[PDB]
Amino acid sequence: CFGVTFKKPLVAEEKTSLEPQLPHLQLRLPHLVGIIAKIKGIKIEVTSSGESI
Amino acid sequence: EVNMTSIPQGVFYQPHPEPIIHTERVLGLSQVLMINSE
Ligand SMILES: *[C@@H]1O[C@H](CO)[C@@H](O[C@@H]2O[C@H](CO)[C@@H](O)[C@H](O)[C@H]2NC(C)=O)[C@H](O)[C@H]1NC(C)=O
Ligand SMILES: *[C@@H]1O[C@H](CO)[C@@H](O)[C@H](O)[C@H]1NC(C)=O
């Protein structure tokens, strides 16, 4: 209109959510509980010698 | 010693390295951040 140009109003997103990126250390000692559980049950068997004889 | 140069018409030029924007219009907006730890 005349010399000036008119532009439409811009709609705005109401909310934003922040989810930052985190470094991944990738440690291996955690989630190894099964090995500890296996260590718990060694179960060495010893039979008395001389009771039979 | 000294170093010399004669300005021809008494007009010199300065670098002036900052930009010049020449704004057109100003807008206003609203927004919510919603910080959550979950
Ligand atoms: C949290 O634990 C999850 C699951 O172990 C990790 O997600 C894995 O990430 C690796 C590396 O990018 C991928 O190769 C796997 O496919 C992912 N698995 C799943 C199920 O998503 C996640 O990286 C861990 N978070 C941190 C910060 O270490
Ligand atoms: C000033 O002039 C001398 C010679 O007259 C020259 O050796 C020197 O480099 C000059 N200094 C400048 C241009 O900064």
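Residues numbered from 1 in each chain as written, not as in the entry; some residues may be left out. Chains lettered and ligands numbered in written order. Part of a larger assembly, values for the part shown. Heavy atoms only, no water. Residues with missing side-chain atoms left out of burial classes, pairs and counts.

Header annotation of the entry names cryo-EM as the structure determination method and lists the resolution as 3.1 Å.

## Some details on the overall build of chain B
Let me state the cut-off plainly: Under the DSSP-based scheme used, a helix requires at least four consecutive residues in state H or I and a strand at least two consecutive residues in state E, with every element numbered from the N terminus. Note on areas: these come from Shrake-Rupley sampling with a 1.4 Å probe, and a residue is covered only by the protein chains present in the view.
When its secondary structure is counted, chain B shows zero helices and zero strands. Seen along its three principal axes, the alpha-carbon backbone of chain B occupies a region of about 70 × 30 × 5 Å. Accessible surface for chain B amounts to roughly 4700 Å². Of this, 56% is attributable to carbon and sulfur atoms.

## Description of the interface of chain B and chain A
Defined as follows: Note on definitions: a residue-residue contact is assigned when non-hydrogen atoms from the two residues lie within 4.5 Å. Accessible surface is computed with a 1.4 Å probe, and the buried area is the amount of it that two parts give up when combined, taken over both parts together. A side-chain nitrogen of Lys or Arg and a carboxyl oxygen of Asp or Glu constitute a salt bridge if their distance falls within 4 Å. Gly is put with the polar residues, along with every residue not named as nonpolar or charged; the nonpolar set is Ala, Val, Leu, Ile, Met, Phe, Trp, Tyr, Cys and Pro, and the charged set is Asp, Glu, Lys and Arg.
Taken together, the eight residues of chain B in the interface contact nine residues of chain A. Across the interface of chain B and chain A, roughly 710 Å² is buried in total on both sides, 56% from carbon and sulfur atoms. At the junction of chain B with chain A, the criterion picks out zero salt bridges. When its residues are assigned to classes, the side of chain B that touches chain A shows five nonpolar, two polar and one charged.

## A short note on unusual backbone geometry
In most cases, non-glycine residues show a negative phi, while peptide bonds are predominantly trans. Going by this rule: Relative accessibility decides the category of a residue: with a 1.4 Å probe and only protein chains considered, values under 20% of the type maximum give buried, values over 50% give exposed, and everything between is partly exposed.
Positioned with a positive phi, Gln 26 of chain A is a non-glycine residue whose angle comes to about 60°. With respect to the helices and strands, the residue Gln 26 of chain A is situated in the segment before α1 (33-40). Although it is not a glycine, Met 34 of chain B sits at a positive phi angle of roughly 60°. Taking the relative accessible area as the measure of exposure, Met 34 of chain B reaches 47% and is therefore partly exposed.

## Details of the pattern of salt bridges
The tally for this structure, following the rule as stated, stands at one salt bridge over all chains. Here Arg 25 of chain B ties to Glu 24 of chain B by a salt bridge, and the two come within 4.0 Å at their closest N and O atoms.

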